$ cat structure_14.pdb   # PDB, C-alpha atoms
ATOM      1  CA  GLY E   1       0.000   0.000   0.000
ATOM      2  CA  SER E   2       0.898   3.680   0.270
ATOM      3  CA  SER E   3       1.481   3.676  -3.491
ATOM      4  CA  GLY E   4      -0.776   3.410  -6.524
ATOM      5  CA  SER E   5      -2.704   5.985  -8.540
ATOM      6  CA  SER E   6      -6.438   5.266  -8.568
ATOM      7  CA  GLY E   7      -9.051   7.891  -9.373
ATOM      8  CA  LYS E   8     -12.602   7.168  -8.240
ATOM      9  CA  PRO E   9     -14.410  10.304  -9.531
ATOM     10  CA  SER E  10     -12.912  10.006 -13.016
ATOM     11  CA  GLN E  11     -13.482  12.616 -15.724
ATOM     12  CA  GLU E  12     -13.754  16.341 -15.004
ATOM     13  CA  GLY E  13     -11.122  18.269 -13.074
ATOM     14  CA  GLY E  14     -11.291  20.795 -10.263
ATOM     15  CA  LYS E  15      -9.378  23.578 -11.996
ATOM     16  CA  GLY E  16     -10.611  26.398  -9.780
ATOM     17  CA  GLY E  17     -13.823  25.168  -8.204
ATOM     18  CA  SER E  18     -14.771  25.174  -4.527
ATOM     19  CA  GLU E  19     -15.250  22.327  -2.050
ATOM     20  CA  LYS E  20     -15.114  18.656  -3.031
ATOM     21  CA  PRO E  21     -17.262  15.491  -2.655
ATOM     22  CA  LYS E  22     -17.112  14.250   0.938
ATOM     23  CA  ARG E  23     -19.106  12.399   3.594
ATOM     24  CA  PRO E  24     -21.990  14.571   4.925
ATOM     25  CA  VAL E  25     -22.115  15.619   8.577
ATOM     26  CA  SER E  26     -25.637  15.454  10.004
ATOM     27  CA  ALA E  27     -26.577  16.352  13.578
ATOM     28  CA  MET E  28     -26.173  12.725  14.646
ATOM     29  CA  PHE E  29     -22.736  12.644  13.019
ATOM     30  CA  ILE E  30     -21.442  15.563  15.086
ATOM     31  CA  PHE E  31     -22.736  14.172  18.382
ATOM     32  CA  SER E  32     -21.581  10.707  17.317
ATOM     33  CA  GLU E  33     -18.094  12.010  16.504
ATOM     34  CA  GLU E  34     -17.734  14.515  19.346
ATOM     35  CA  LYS E  35     -19.059  12.087  21.960
ATOM     36  CA  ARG E  36     -17.145   9.079  20.623
ATOM     37  CA  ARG E  37     -13.740  10.563  21.449
ATOM     38  CA  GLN E  38     -15.121  11.420  24.889
ATOM     39  CA  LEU E  39     -16.503   7.933  25.526
ATOM     40  CA  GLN E  40     -13.309   6.319  24.238
ATOM     41  CA  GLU E  41     -11.185   7.976  26.925
ATOM     42  CA  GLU E  42     -13.793   7.683  29.679
ATOM     43  CA  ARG E  43     -14.514   4.098  28.632
ATOM     44  CA  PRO E  44     -11.353   2.416  27.236
ATOM     45  CA  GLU E  45     -13.142  -0.935  27.474
ATOM     46  CA  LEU E  46     -15.684   0.153  24.864
ATOM     47  CA  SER E  47     -14.554  -0.031  21.238
ATOM     48  CA  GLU E  48     -15.526   2.191  18.308
ATOM     49  CA  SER E  49     -17.864  -0.486  16.953
ATOM     50  CA  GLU E  50     -19.558  -0.591  20.357
ATOM     51  CA  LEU E  51     -19.564   3.180  20.855
ATOM     52  CA  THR E  52     -21.698   3.455  17.716
ATOM     53  CA  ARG E  53     -24.531   1.749  19.593
ATOM     54  CA  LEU E  54     -24.035   3.893  22.697
ATOM     55  CA  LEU E  55     -23.865   7.104  20.665
ATOM     56  CA  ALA E  56     -27.249   6.459  19.053
ATOM     57  CA  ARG E  57     -28.829   5.857  22.460
ATOM     58  CA  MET E  58     -27.281   9.039  23.853
ATOM     59  CA  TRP E  59     -28.597  11.088  20.932
ATOM     60  CA  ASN E  60     -32.152  10.080  21.842
ATOM     61  CA  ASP E  61     -31.575  10.963  25.496
ATOM     62  CA  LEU E  62     -30.623  14.495  24.436
ATOM     63  CA  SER E  63     -33.188  17.299  24.577
ATOM     64  CA  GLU E  64     -34.513  19.798  22.033
ATOM     65  CA  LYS E  65     -32.213  22.396  23.596
ATOM     66  CA  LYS E  66     -29.130  20.187  23.299
ATOM     67  CA  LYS E  67     -30.066  18.695  19.927
ATOM     68  CA  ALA E  68     -30.364  22.193  18.461
ATOM     69  CA  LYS E  69     -26.704  22.717  19.352
ATOM     70  CA  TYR E  70     -25.590  20.093  16.833
ATOM     71  CA  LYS E  71     -28.624  20.408  14.563
ATOM     72  CA  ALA E  72     -27.769  24.075  14.031
ATOM     73  CA  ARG E  73     -24.200  23.248  13.006
ATOM     74  CA  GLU E  74     -25.458  20.700  10.471
ATOM     75  CA  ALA E  75     -26.788  23.545   8.323
ATOM     76  CA  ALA E  76     -23.223  24.852   8.089
ATOM     77  CA  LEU E  77     -21.512  21.459   7.908
ATOM     78  CA  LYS E  78     -23.846  20.187   5.185
ATOM     79  CA  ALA E  79     -22.613  23.028   2.977
ATOM     80  CA  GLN E  80     -19.145  21.470   3.013
ATOM     81  CA  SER E  81     -20.406  18.121   1.724
ATOM     82  CA  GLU E  82     -23.077  19.673  -0.494
ATOM     83  CA  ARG E  83     -23.093  22.528  -3.007
ATOM     84  CA  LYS E  84     -26.285  23.608  -4.774
ATOM     85  CA  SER E  85     -29.177  21.230  -5.452
ATOM     86  CA  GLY E  86     -31.062  22.793  -8.347
ATOM     87  CA  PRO E  87     -31.790  21.477 -11.878
ATOM     88  CA  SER E  88     -28.342  20.277 -12.943
ATOM     89  CA  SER E  89     -26.833  17.179 -14.554
ATOM     90  CA  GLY E  90     -24.777  15.577 -11.800
TER
END
$ encode --input "structure_14.pdb" --output "structure tokens"
Amino acid sequence: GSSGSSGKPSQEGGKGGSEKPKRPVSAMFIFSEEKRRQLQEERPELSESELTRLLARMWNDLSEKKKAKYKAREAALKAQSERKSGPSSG
């Protein structure tokens, strides 16, 4: 590994565009990524695969006041992994 050219997108080329295709970041993603690192240290016995189940349960325990904290950031984070959504080919 660590060697070998392999383009997934293929065709087209970002000459001077902005942003690039990436994994979205919903409200659950933020809380699932910000809480994971916290649970990992606090709970070294729990693995990432296991934390995924605990993160989902914690998200539900949250309140409308707390959820809004991450839900509000999603609107800004989504812009990174999403540009325009009008009538266009692609």
$ closest_residue --input "structure_14.pdb" --among "E:35, E:71, E:66, E:23" --to "residue 54 in chain E" --atoms "all atoms listed in the file"
E:35
$ closest_residue --input "structure_14.pdb" --among "E:72, E:25, E:39, E:79" --to "residue 55 in chain E" --atoms "all atoms listed in the file"
E:39
$ resolve_selection --input "structure_14.pdb" --expression "the PyMOL selection byres ((chain E and resi 73) around 12)" --output "MDAnalysis selection string"
chainID E and resid 25:31 66:72 74:80
$ atom_distance --input "structure_14.pdb" --atom1 "CA of residue 89 in chain E" --atom2 "CA of residue 6 in chain E"
24.4 Å
$ residues_around --input "structure_14.pdb" --residues "residue 20 in chain E" --least-positions-apart "3" --cutoff "9 Å" --atoms "all atoms listed in the file" --output "number ranges by chain"
E: 14, 17, 80-83
$ atom_distance --input "structure_14.pdb" --atom1 "CA of residue 38 in chain E" --atom2 "CA of residue 51 in chain E"
10.2 Å
$ atom_distance --input "structure_14.pdb" --atom1 "CA of residue 53 in chain E" --atom2 "CA of residue 21 in chain E"
27.1 Å
$ axis_aligned_box --input "structure_14.pdb" --around "range 79-90 of chain E" --padding-each-side "4 Å" --output "JSON"
{"center_x": -25.5, "center_y": 19.6, "center_z": -5.8, "size_x": 20.6, "size_y": 16.0, "size_z": 25.6}
$ closest_residue --input "structure_14.pdb" --among "E:46, E:59, E:90, E:65" --to "residue 9 in chain E" --atoms "all atoms listed in the file"
E:90
$ closest_residue --input "structure_14.pdb" --among "E:44, E:15, E:56, E:49" --to "residue 32 in chain E" --atoms "only C-alpha atoms"
E:56
